[PDB]
Amino acid sequence: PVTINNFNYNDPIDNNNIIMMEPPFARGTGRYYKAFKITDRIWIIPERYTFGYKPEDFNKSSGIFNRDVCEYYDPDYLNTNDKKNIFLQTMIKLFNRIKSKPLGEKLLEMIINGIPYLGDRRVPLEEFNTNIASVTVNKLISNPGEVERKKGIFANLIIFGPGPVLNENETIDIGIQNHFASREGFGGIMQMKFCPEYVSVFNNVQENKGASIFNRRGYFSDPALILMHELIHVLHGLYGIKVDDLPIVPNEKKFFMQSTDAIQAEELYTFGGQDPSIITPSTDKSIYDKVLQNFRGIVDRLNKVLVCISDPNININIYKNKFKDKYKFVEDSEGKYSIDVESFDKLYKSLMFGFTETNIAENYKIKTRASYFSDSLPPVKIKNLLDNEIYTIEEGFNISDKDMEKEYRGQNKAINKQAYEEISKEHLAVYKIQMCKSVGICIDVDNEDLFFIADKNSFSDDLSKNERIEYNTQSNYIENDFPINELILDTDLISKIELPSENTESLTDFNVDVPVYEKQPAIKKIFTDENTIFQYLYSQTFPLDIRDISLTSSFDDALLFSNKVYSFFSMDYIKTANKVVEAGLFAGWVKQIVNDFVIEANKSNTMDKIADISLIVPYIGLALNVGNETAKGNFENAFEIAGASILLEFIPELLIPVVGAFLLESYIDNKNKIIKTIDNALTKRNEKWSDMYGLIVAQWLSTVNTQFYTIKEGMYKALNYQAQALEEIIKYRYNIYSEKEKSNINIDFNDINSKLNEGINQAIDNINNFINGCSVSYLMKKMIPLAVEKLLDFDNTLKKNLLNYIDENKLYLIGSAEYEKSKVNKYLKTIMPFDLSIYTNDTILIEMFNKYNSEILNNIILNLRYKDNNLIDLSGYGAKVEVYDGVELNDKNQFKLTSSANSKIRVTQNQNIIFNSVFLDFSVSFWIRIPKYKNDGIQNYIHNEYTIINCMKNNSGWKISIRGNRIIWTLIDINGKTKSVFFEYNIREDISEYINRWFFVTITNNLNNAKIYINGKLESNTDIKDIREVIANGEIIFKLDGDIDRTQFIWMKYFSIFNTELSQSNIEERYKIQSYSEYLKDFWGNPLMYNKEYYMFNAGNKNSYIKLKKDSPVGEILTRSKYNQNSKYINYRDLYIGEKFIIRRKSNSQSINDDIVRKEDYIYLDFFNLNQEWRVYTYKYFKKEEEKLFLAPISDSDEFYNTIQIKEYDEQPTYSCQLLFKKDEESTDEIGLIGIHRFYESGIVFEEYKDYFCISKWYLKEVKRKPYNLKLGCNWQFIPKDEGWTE
Ligand SMILES: [Zn+2]
Ligand SMILES: [Zn+2]
């Protein structure tokens, strides 16, 4: 196991475990430092790391060392012996904590035993040279005050106190002649500057610290994890695998881009979690290869090492044994060393993916930041780590006896207040970007707050390089993962090979490169007149010295007046906020405005189903104006059009290389090897797809998801800025009152803030879900497809290359060049489905992805909608849509296809969509209105079939056809095999539900069936098992095509395609969502209109109509006349019969031209009696259950109700509406609903039953029943003349 030694700073120097060390960077000069051996090969020097720094640099100044850190200075830290000792005791406690668990102990053991090779790149393969600064460090033996005697020692890690910035922990390696042994396989003495008291702070963006905003949200780090993070770097450096490779470099061209140092992959490996995914597979293999290469050199050296020219006492064997074990080399029974691929693999993955900050945190139940790419907050001071009441070896801050184990409460700033102290901002220095307008006003923004957008140069272009294929060529996959449970249980991982003595010859060649550091401006001034996220967030703040503020919806005034604060909430919310009231009304007002705040914030849960968008936060644009001027116009509309892309501050230029060409190695007369070469080129092909995807994922996370993170953060701030402003206003108004009045005011500030903060949390959850959706959306629609294109391109090139290859070997292959000739087609036929969990195991990311793929609306691969007098694809896949002159469009999303040649729409689908899921899996939906047949043309109508929508490529595909009263769906596989399913509606119904009426169609295709649904109901099914591959991504042509009558036309609306089979539940739902409207519809399904002639239809008496009775002021009910001709194919009841009614608007006499009738509207139901416009009235004083309606000239009589409220009691789709007579627009006194009632009449000659246009109270209770009774006589529909219906 590991032994942690004990000592006090004042303990005597014994030249063994407590020495006067001459640090590597001292260049063998200057003073020595009292060093303590905390364990074998590991030293603690309780002093400030001054190497490469300036003395004054230890004081806070207008400069900074790192552009991404809220740096804290304190030159007094460690300036006394008691401070040094507390440092020592604290280091000893952290080490005990670390070893308190199997995982940390192994990290320590790996580090103790990972002794640097005795030499570096300059040392001859046959030598061991300990006389170099990265292997030996001197200790002064001589008595106090004389560098007369000094001895050398071997060491692995020397830990110092902090440098100028206390919270800037760093692990440093030794470079000599511009090279680093710790990066070339040898390893070398590692150094670290660490501070256990001043730790970093962070918060879970996709969460909330104890659901408290007006608190000290965020969490503070466990210094033991911070230490282990650094120890991991030490581990890497000791094993010499701390190599440099293509680094992630931030794009810094735009003022909104965050500036930061290049990030090496080793850094992201150390953090673990999602970070490794930012390193593409290409660069992963590059690093892997270089590390393997380094190990080969070391293993070669072990086979050639003969002597140590610097220390005659060094035992060659002892070391060859140690290094063999360190690098896990294998040895034959003869002593020859060689690299065992499997053991190298396990060791490499262990070091790079096993020991990660993320794995350790999870194992020690410590909370840490979600990613290297997260905003760093100000650091805090841990009062006393040595106090077991605050921090223990076993549990850190999350002590269970204090009930602080659960949810990392012990690290929760808003909970464990007694464990830390905020820091003096006067000692903090943060890099700031001063944004100045070319005039002027200037806003300071912390560089940490900007958008981190990785530059294109960050990603490898290795996919573009050629690849030779051979019978032995194998795949290459490096999983940025490693089972932590096996690393903890692995038996033969921890060296059971003796650690050599540390004493050796003293170092005489102090040649070494000492880094030189210097601060840089903490403020960078840039000029811009842009008012993006930064300016918008700023406009929502106010100076500390101002206490009387007012809200405003005007961004410009807000920026202008310090007492004016910008608010993106409603106009009403803003007015109420600035409302001043009496003391006696204050409480009420507070309850009101707080309530409003919550309502406004909760609008973040807005739905937009009609636009196929489940979630939308309508105020994001107003709040931040991030991306493409999202504050101007209507955000929701702009989002329906451009999607997630509009929110991005910057659209990145993706690196999507053309996959390199495969060069196959031939083998004349060699059947096996040629077959292998082929099968290997096929698997290598898969490595290319996976790699491409990984390259995509890496760019998404570092160029896109980053931006979406800043937006989440920006929203969190905006919401808090808003709550802070309202709280400021509340406080101000309250304190204006006298103490006497305040005493009687019933207000609870904590409860107020409580409700505000709660509203904020609900908003944040919504926003995070919305934004995550956007980020995944951008990945799947704006990035993956661009990769699929290149991959499909490469695939084709690879196909011809494999066929041609099998062709040239037509001989050598014998009777098989055909078998595989297809084996090549069936493989390059199925495209690799993208799966994020393959490139990362980050839980948040996977869930993000799974959630997205569980939402059926994300399966929409074409969604044609009306926008600015044109049709466009809003699915986000960017299909090109050509609408020709003969197509009529309206803002109701209706489009008309006529018999004109130019009446067509051409859609060029996105060829890079996994539409061809190999088993035919997709759906098509849309609304359609098919006109009635011409009576004098019924023969043609029933016999002539004409295509209306055609999607063909290579004589394969699908099409929607119509032959009279039948709508047909047809499939055609590559072999010309055709299958069809269809829906036919009756054309002999007295009243048809489908002829000339809008209805919803949905066709679904799966491996077995082709189903047709109408208005959500399954109508037909056809077995499509026999059918083979169907090419469905060809062009889509919308056009009447076949032998049609010149008068033939068709209306369509909401045409959509899904790359999956919709369930009946999805269909019914889509049916209900697209049927919904605030307005009533007419008999055809179009919006009901004011000032438009309409015949009336009654759903409870289909074949009935209303006619003013000759001698009475009543409407008698007559039977509709029928189709007169003798066609055997058709029958119907006349629709254009009875009185011609016309609906008039009751309110606002803005004249009488036309407009839309909305549910609940108060109207006048009139009709035309010759040249006069009469009206429908109800005698006011009837006592019976019902009465006949009174039909007479327009007049305002005191004895008749003349006002009707058009209603819609049905919750399900319907074109029926109801008409209600109320006492007046205000009373709840309902007189009854309009309907039909049967009366008995017995005269001197005639005895019969006759129906009359009536008003009945009976309907009042009937319309409330469920399910809605569509057969009720109070259900009416309005039929205006329509070219689609002639009789
Ligand atoms: Zn690091
Ligand atoms: Zn960052």
# chains A, B, ... in the order shown; residues from 1 in each chain; ligands from 1
>>> residues_around(residues="residue A:1187", least_positions_apart="5", cutoff="12 Å", atoms="only C-alpha atoms", output="PyMOL selection string")
chain A and resi 1114-1115+1177-1182+1231-1239+1251-1258
>>> write_last_selection(atoms="N, CA and C atoms", output="compact mmCIF listing (two decimals), in the first residue's frame")
# COMPACT_ATOMS: atom_id res chain seq x y z
N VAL A 1114 -92.04 32.42 -40.17
CA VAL A 1114 -91.27 31.28 -39.67
C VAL A 1114 -90.52 30.53 -40.78
N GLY A 1115 -89.56 29.72 -40.37
CA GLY A 1115 -88.80 28.94 -41.32
C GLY A 1115 -89.24 27.50 -41.27
N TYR A 1177 -84.87 35.97 -35.37
CA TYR A 1177 -85.17 36.39 -34.00
C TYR A 1177 -85.86 35.31 -33.17
N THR A 1178 -85.78 35.48 -31.85
CA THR A 1178 -86.43 34.57 -30.90
C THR A 1178 -87.37 35.43 -30.04
N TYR A 1179 -88.67 35.12 -30.06
CA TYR A 1179 -89.59 35.87 -29.22
C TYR A 1179 -89.07 35.67 -27.79
N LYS A 1180 -88.87 36.78 -27.08
CA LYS A 1180 -88.32 36.75 -25.73
C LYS A 1180 -89.09 36.01 -24.64
N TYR A 1181 -90.41 36.10 -24.68
CA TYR A 1181 -91.21 35.52 -23.60
C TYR A 1181 -91.89 34.17 -23.76
N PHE A 1182 -91.19 33.17 -24.28
CA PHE A 1182 -91.80 31.85 -24.40
C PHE A 1182 -91.52 31.08 -23.11
N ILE A 1231 -80.79 31.48 -23.31
CA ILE A 1231 -82.14 31.28 -23.80
C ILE A 1231 -82.33 29.95 -24.52
N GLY A 1232 -81.30 29.51 -25.24
CA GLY A 1232 -81.39 28.25 -25.96
C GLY A 1232 -80.55 28.22 -27.23
N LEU A 1233 -80.51 27.06 -27.87
CA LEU A 1233 -79.75 26.90 -29.11
C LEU A 1233 -80.67 26.71 -30.30
N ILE A 1234 -80.23 27.16 -31.47
CA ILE A 1234 -81.02 27.04 -32.68
C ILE A 1234 -80.98 25.62 -33.21
N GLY A 1235 -82.14 25.10 -33.59
CA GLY A 1235 -82.22 23.75 -34.11
C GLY A 1235 -83.49 23.52 -34.91
N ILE A 1236 -83.90 22.26 -34.97
CA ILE A 1236 -85.10 21.86 -35.70
C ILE A 1236 -86.03 21.10 -34.75
N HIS A 1237 -87.31 21.47 -34.76
CA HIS A 1237 -88.28 20.79 -33.91
C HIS A 1237 -89.50 20.35 -34.73
N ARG A 1238 -90.00 19.16 -34.42
CA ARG A 1238 -91.15 18.58 -35.11
C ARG A 1238 -92.45 18.99 -34.42
N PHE A 1239 -93.40 19.51 -35.20
CA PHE A 1239 -94.70 19.93 -34.68
C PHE A 1239 -95.81 19.12 -35.34
N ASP A 1251 -91.66 20.13 -39.51
CA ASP A 1251 -90.51 20.65 -38.78
C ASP A 1251 -90.29 22.13 -39.03
N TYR A 1252 -89.87 22.83 -37.99
CA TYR A 1252 -89.62 24.26 -38.10
C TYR A 1252 -88.29 24.70 -37.51
N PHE A 1253 -87.74 25.76 -38.10
CA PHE A 1253 -86.48 26.37 -37.67
C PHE A 1253 -86.80 26.83 -36.25
N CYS A 1254 -86.15 26.24 -35.25
CA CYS A 1254 -86.44 26.57 -33.86
C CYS A 1254 -85.30 26.92 -32.92
N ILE A 1255 -85.69 27.27 -31.70
CA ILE A 1255 -84.77 27.55 -30.61
C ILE A 1255 -85.27 26.65 -29.48
N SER A 1256 -84.39 25.81 -28.95
CA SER A 1256 -84.76 24.90 -27.87
C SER A 1256 -83.80 25.00 -26.71
N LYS A 1257 -84.32 24.83 -25.50
CA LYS A 1257 -83.49 24.88 -24.31
C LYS A 1257 -82.91 23.49 -24.10
N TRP A 1258 -83.61 22.48 -24.60
CA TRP A 1258 -83.20 21.09 -24.49
C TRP A 1258 -81.74 20.89 -24.90
>>> closest_atom_pairs(of="chain A", to="ligand 2", cutoff="10 Å", atoms="only C-alpha atoms and all ligand atoms", output="Markdown table")
| residue | atom | partner | partner_atom_place_in_ligand_line | distance |
| --- | --- | --- | --- | --- |
| A:68 | CA | ligand 2 | 1 (Zn) | 7.8 |
| A:250 | CA | ligand 2 | 1 (Zn) | 9.0 |
| A:258 | CA | ligand 2 | 1 (Zn) | 7.3 |
| A:259 | CA | ligand 2 | 1 (Zn) | 8.9 |
| A:260 | CA | ligand 2 | 1 (Zn) | 7.9 |
| A:371 | CA | ligand 2 | 1 (Zn) | 8.7 |
| A:372 | CA | ligand 2 | 1 (Zn) | 6.7 |
| A:373 | CA | ligand 2 | 1 (Zn) | 3.8 |
| A:374 | CA | ligand 2 | 1 (Zn) | 5.3 |
| A:375 | CA | ligand 2 | 1 (Zn) | 6.3 |
| A:376 | CA | ligand 2 | 1 (Zn) | 8.4 |
| A:447 | CA | ligand 2 | 1 (Zn) | 9.3 |
| A:448 | CA | ligand 2 | 1 (Zn) | 6.8 |
| A:449 | CA | ligand 2 | 1 (Zn) | 8.4 |
| A:450 | CA | ligand 2 | 1 (Zn) | 8.3 |
| A:451 | CA | ligand 2 | 1 (Zn) | 7.6 |
| A:452 | CA | ligand 2 | 1 (Zn) | 5.3 |
| A:453 | CA | ligand 2 | 1 (Zn) | 8.5 |
| A:454 | CA | ligand 2 | 1 (Zn) | 9.6 |
| A:702 | CA | ligand 2 | 1 (Zn) | 8.9 |
| A:706 | CA | ligand 2 | 1 (Zn) | 7.6 |
| A:707 | CA | ligand 2 | 1 (Zn) | 9.9 |
| A:709 | CA | ligand 2 | 1 (Zn) | 9.7 |
| A:710 | CA | ligand 2 | 1 (Zn) | 9.4 |
>>> write_last_selection(atoms="N, CA, C and O atoms", output="mmCIF file, in the first residue's frame")
data_model
loop_
_atom_site.group_PDB
_atom_site.id
_atom_site.type_symbol
_atom_site.label_atom_id
_atom_site.label_comp_id
_atom_site.auth_asym_id
_atom_site.auth_seq_id
_atom_site.Cartn_x
_atom_site.Cartn_y
_atom_site.Cartn_z
ATOM 1 N N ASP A 68 -8.733 33.144 -18.843
ATOM 2 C CA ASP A 68 -9.957 32.425 -18.473
ATOM 3 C C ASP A 68 -10.109 32.131 -16.997
ATOM 4 O O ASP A 68 -10.871 31.244 -16.614
ATOM 5 N N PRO A 250 -9.248 28.066 -29.977
ATOM 6 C CA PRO A 250 -10.463 28.871 -30.088
ATOM 7 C C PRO A 250 -10.375 29.828 -31.259
ATOM 8 O O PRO A 250 -9.309 30.364 -31.544
ATOM 9 N N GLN A 258 -14.572 33.880 -27.287
ATOM 10 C CA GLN A 258 -13.717 33.766 -26.115
ATOM 11 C C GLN A 258 -12.285 33.432 -26.509
ATOM 12 O O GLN A 258 -12.052 32.543 -27.330
ATOM 13 N N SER A 259 -11.330 34.154 -25.932
ATOM 14 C CA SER A 259 -9.915 33.907 -26.205
ATOM 15 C C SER A 259 -9.369 33.003 -25.105
ATOM 16 O O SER A 259 -9.622 33.223 -23.922
ATOM 17 N N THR A 260 -8.615 31.987 -25.498
ATOM 18 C CA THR A 260 -8.061 31.062 -24.525
ATOM 19 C C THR A 260 -6.836 30.396 -25.132
ATOM 20 O O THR A 260 -6.630 30.457 -26.346
ATOM 21 N N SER A 371 -17.968 20.153 -17.427
ATOM 22 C CA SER A 371 -17.008 20.104 -18.523
ATOM 23 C C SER A 371 -15.905 21.137 -18.424
ATOM 24 O O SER A 371 -16.036 22.136 -17.723
ATOM 25 N N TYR A 372 -14.812 20.878 -19.133
ATOM 26 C CA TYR A 372 -13.685 21.798 -19.177
ATOM 27 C C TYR A 372 -14.255 23.091 -19.754
ATOM 28 O O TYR A 372 -13.838 24.188 -19.397
ATOM 29 N N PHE A 373 -15.222 22.942 -20.652
ATOM 30 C CA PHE A 373 -15.872 24.090 -21.275
ATOM 31 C C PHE A 373 -17.112 24.508 -20.497
ATOM 32 O O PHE A 373 -18.246 24.253 -20.909
ATOM 33 N N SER A 374 -16.878 25.139 -19.354
ATOM 34 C CA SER A 374 -17.954 25.629 -18.499
ATOM 35 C C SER A 374 -17.450 26.951 -17.934
ATOM 36 O O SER A 374 -16.239 27.170 -17.856
ATOM 37 N N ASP A 375 -18.359 27.840 -17.558
ATOM 38 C CA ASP A 375 -17.933 29.132 -17.036
ATOM 39 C C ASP A 375 -17.362 29.009 -15.633
ATOM 40 O O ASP A 375 -17.976 28.404 -14.754
ATOM 41 N N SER A 376 -16.173 29.568 -15.441
ATOM 42 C CA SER A 376 -15.504 29.542 -14.148
ATOM 43 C C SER A 376 -15.918 30.763 -13.333
ATOM 44 O O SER A 376 -15.822 31.899 -13.802
ATOM 45 N N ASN A 447 -14.121 37.738 -20.366
ATOM 46 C CA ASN A 447 -13.777 36.815 -21.433
ATOM 47 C C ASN A 447 -14.409 35.445 -21.201
ATOM 48 O O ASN A 447 -14.762 34.741 -22.148
ATOM 49 N N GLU A 448 -14.549 35.070 -19.935
ATOM 50 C CA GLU A 448 -15.147 33.792 -19.593
ATOM 51 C C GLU A 448 -16.581 33.727 -20.095
ATOM 52 O O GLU A 448 -17.089 32.655 -20.393
ATOM 53 N N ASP A 449 -17.234 34.878 -20.186
ATOM 54 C CA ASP A 449 -18.623 34.929 -20.627
ATOM 55 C C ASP A 449 -18.832 34.850 -22.133
ATOM 56 O O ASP A 449 -19.938 34.564 -22.587
ATOM 57 N N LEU A 450 -17.789 35.106 -22.917
ATOM 58 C CA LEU A 450 -17.940 35.061 -24.366
ATOM 59 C C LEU A 450 -18.219 33.662 -24.890
ATOM 60 O O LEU A 450 -18.260 32.692 -24.128
ATOM 61 N N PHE A 451 -18.411 33.569 -26.201
ATOM 62 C CA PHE A 451 -18.668 32.293 -26.843
ATOM 63 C C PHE A 451 -17.364 31.596 -27.202
ATOM 64 O O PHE A 451 -16.524 32.150 -27.929
ATOM 65 N N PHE A 452 -17.182 30.387 -26.688
ATOM 66 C CA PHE A 452 -16.009 29.624 -27.057
ATOM 67 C C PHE A 452 -16.407 28.907 -28.345
ATOM 68 O O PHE A 452 -17.327 28.091 -28.362
ATOM 69 N N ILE A 453 -15.724 29.225 -29.428
ATOM 70 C CA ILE A 453 -16.018 28.583 -30.695
ATOM 71 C C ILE A 453 -14.700 28.066 -31.265
ATOM 72 O O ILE A 453 -13.876 28.844 -31.734
ATOM 73 N N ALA A 454 -14.496 26.755 -31.195
ATOM 74 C CA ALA A 454 -13.262 26.159 -31.706
ATOM 75 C C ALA A 454 -13.062 26.472 -33.187
ATOM 76 O O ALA A 454 -14.003 26.412 -33.980
ATOM 77 N N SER A 702 -17.720 21.529 -29.637
ATOM 78 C CA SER A 702 -16.802 22.632 -29.404
ATOM 79 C C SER A 702 -17.083 23.909 -30.183
ATOM 80 O O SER A 702 -16.489 24.944 -29.891
ATOM 81 N N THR A 706 -21.316 24.624 -27.537
ATOM 82 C CA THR A 706 -20.723 25.608 -26.663
ATOM 83 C C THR A 706 -21.615 26.861 -26.716
ATOM 84 O O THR A 706 -22.104 27.326 -25.686
ATOM 85 N N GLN A 707 -21.850 27.376 -27.920
ATOM 86 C CA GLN A 707 -22.693 28.557 -28.116
ATOM 87 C C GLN A 707 -24.058 28.407 -27.451
ATOM 88 O O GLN A 707 -24.578 29.363 -26.870
ATOM 89 N N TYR A 709 -24.652 26.750 -24.900
ATOM 90 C CA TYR A 709 -24.418 26.754 -23.467
ATOM 91 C C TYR A 709 -24.458 28.216 -23.014
ATOM 92 O O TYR A 709 -25.139 28.556 -22.044
ATOM 93 N N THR A 710 -23.721 29.075 -23.726
ATOM 94 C CA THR A 710 -23.687 30.506 -23.423
ATOM 95 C C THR A 710 -25.098 31.091 -23.418
ATOM 96 O O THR A 710 -25.419 31.964 -22.607
#
>>> residues_around(residues="residue A:66", least_positions_apart="2", cutoff="10 Å", atoms="only C-alpha atoms", output="ChimeraX atom specification")
/A:63-64,68-71,165,168,260-261,429-431,518-520,522
>>> write_last_selection(atoms="C-alpha atoms", output="PDB file, in the first residue's frame")
ATOM      1  CA  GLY A  63      -2.879  42.510 -15.452  1.00  0.00           C
ATOM      2  CA  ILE A  64      -3.559  38.794 -15.497  1.00  0.00           C
ATOM      3  CA  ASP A  68      -9.957  32.425 -18.473  1.00  0.00           C
ATOM      4  CA  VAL A  69      -9.489  32.601 -14.741  1.00  0.00           C
ATOM      5  CA  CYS A  70     -10.855  34.868 -12.045  1.00  0.00           C
ATOM      6  CA  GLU A  71      -7.358  35.111 -10.552  1.00  0.00           C
ATOM      7  CA  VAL A 165      -2.311  33.184  -8.650  1.00  0.00           C
ATOM      8  CA  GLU A 168      -4.134  28.541 -10.654  1.00  0.00           C
ATOM      9  CA  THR A 260      -8.061  31.062 -24.525  1.00  0.00           C
ATOM     10  CA  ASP A 261      -4.826  29.101 -24.809  1.00  0.00           C
ATOM     11  CA  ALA A 429      -8.269  40.051 -11.531  1.00  0.00           C
ATOM     12  CA  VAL A 430     -10.319  38.924 -14.527  1.00  0.00           C
ATOM     13  CA  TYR A 431      -9.600  39.357 -18.238  1.00  0.00           C
ATOM     14  CA  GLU A 518       4.350  37.683 -17.417  1.00  0.00           C
ATOM     15  CA  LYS A 519       0.963  39.273 -17.018  1.00  0.00           C
ATOM     16  CA  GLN A 520      -0.986  40.783 -19.873  1.00  0.00           C
ATOM     17  CA  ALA A 522      -6.777  42.461 -17.818  1.00  0.00           C
TER      18      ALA A 522
END
>>> closest_atom_pairs(of="chain A", to="ligand 1", cutoff="8 Å", atoms="only C-alpha atoms and all ligand atoms", output="JSON lines")
{"residue": "A:170", "atom": "CA", "partner": "ligand 1", "partner_atom_place_in_ligand_line": "1 (Zn)", "distance": 7.2}
{"residue": "A:171", "atom": "CA", "partner": "ligand 1", "partner_atom_place_in_ligand_line": "1 (Zn)", "distance": 7.8}
{"residue": "A:229", "atom": "CA", "partner": "ligand 1", "partner_atom_place_in_ligand_line": "1 (Zn)", "distance": 6.8}
{"residue": "A:230", "atom": "CA", "partner": "ligand 1", "partner_atom_place_in_ligand_line": "1 (Zn)", "distance": 6.5}
{"residue": "A:233", "atom": "CA", "partner": "ligand 1", "partner_atom_place_in_ligand_line": "1 (Zn)", "distance": 6.9}
{"residue": "A:267", "atom": "CA", "partner": "ligand 1", "partner_atom_place_in_ligand_line": "1 (Zn)", "distance": 5.0}
{"residue": "A:268", "atom": "CA", "partner": "ligand 1", "partner_atom_place_in_ligand_line": "1 (Zn)", "distance": 7.6}
{"residue": "A:270", "atom": "CA", "partner": "ligand 1", "partner_atom_place_in_ligand_line": "1 (Zn)", "distance": 6.4}
{"residue": "A:271", "atom": "CA", "partner": "ligand 1", "partner_atom_place_in_ligand_line": "1 (Zn)", "distance": 7.0}
>>> closest_residue(among="A:1217, A:642, A:767, A:291", to="residue A:619", atoms="only C-alpha atoms")
A:767
